[PDB]
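In what follows, a structure is listed as structure tokens, so that the remarks can point back to it.
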Amino acid sequence: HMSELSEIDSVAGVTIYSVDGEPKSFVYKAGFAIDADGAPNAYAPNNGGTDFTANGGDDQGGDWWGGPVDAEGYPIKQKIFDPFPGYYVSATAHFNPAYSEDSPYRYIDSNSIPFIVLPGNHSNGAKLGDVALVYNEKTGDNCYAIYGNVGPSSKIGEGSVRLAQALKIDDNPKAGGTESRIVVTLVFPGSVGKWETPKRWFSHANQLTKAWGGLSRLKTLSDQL
């Protein structure tokens, strides 16, 4: 059965719809850019990371948005007890408060955690840590994910390296992702709104998805978008 959809927002030519009914959710069909933010091997001096260093900004004291910086504006380098010593600490907007701002463990590791990015100013009621169901209409693959980072306000359709793997999308931060609008993202705003273990939020995503009607309902909905 088709779903009843009501437009709530629009970004970069992609319409965002409230899905009428309960539990509360919104949905959009978009491409999928790779966000390697939070991965502890994303950024390093001299293009040593999985992304080119300049994709995080200027690592010589200029504008650097890839992660935290020291008192002179240079990116914080990981320590001997961090996953990739000497690489830069890459940050995500969602964080684990158990760890300090200079720690890679504070941020969501894009390599290991399925997460979506929502455009800045376009969260549509979702809070970081809320859960989502993500579906690739071309591969039939799906995955639960958290809202883990905030993207440019003018860009939509983006998520983590691990989410790309789960969806069978090229996961390479330098050349992966897709511009084809093949990914359907169903967000449950208000579902979590805090950091918690992946086992816990994945379970909650599973319970919400079951209550909502399951992947079968999202598959039918995908044909409407």
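To be explicit about the labels: the chains of the structure tokens are called A, B, and onward in the order shown, and within each one the residues are counted from 1, while ligands get numbers from 1 in the order they are shown.
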### Query
Near stretch 105-121 of chain A, counting only C-alpha atoms, which residues have an atom at most 9 Å away, once you skip same-chain residues fewer than 6 positions from it, shown as a ChimeraX atom specification?
/A:11,35-42,82-83,89-99,131-132,134,143-166,185,198
### Query
Near residue A:47, counting only C-alpha atoms, which residues have an atom at most 12 Å away, once you skip same-chain residues fewer than 2 positions from it, shown as a PyMOL selection string?
chain A and resi 41-45+49-59+87-88+174
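If only C-alpha atoms are the atoms counted, then among A:218, A:71, A:208, A:183 the closest residue to residue A:30 is A:183.
For residue A:141, the set of protein, DNA and RNA residues having any atom at most 8 Å away, when counting only C-alpha atoms and skipping those fewer than 2 positions along the same chain, is residues 135, 136, 137, 139, 143, 166, 167 and 168 of chain A.
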Selection export as a CSV table (one decimal), in the first residue's frame, atoms kept: C-alpha atoms:
```
chain,number,residue,atom,x,y,z
A,135,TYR,CA,17.2,2.0,1.4
A,136,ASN,CA,19.0,1.7,-2.0
A,137,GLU,CA,16.3,1.2,-4.7
A,139,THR,CA,20.5,-2.7,-5.0
A,143,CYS,CA,20.4,-0.3,6.8
A,166,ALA,CA,25.7,-1.5,3.7
A,167,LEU,CA,23.9,0.0,0.7
A,168,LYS,CA,26.4,-1.3,-1.9
```
## Note on the structure
From the list A:124, A:100, A:180, A:6, the nearest residue to residue A:21 using only C-alpha atoms is A:6
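Between atom CA of residue A:219 and atom CA of residue A:33 there is a distance of 21.4 Å.
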### Message
Report, in Å with one decimal, the straight-line distance from atom CA of residue A:196 to atom CA of residue A:101.
### Response
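Interatomic distance, atom CA of residue A:196 to atom CA of residue A:101: 17.5 Å.
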### DSSP strand (DSSP E) residues within stretch 38-191 of chain A, as a PyMOL selection string
chain A and resi 115-119+131-136+142-151+158-160+178-187
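What separates atom CA of residue A:2 from atom CA of residue A:191 is a distance of 23.4 Å.
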### Task
as a ChimeraX atom specification, please: all residues of stretch 138-192 of chain A that backbone DSSP puts in helix (DSSP H, G or I).
/A:161-167
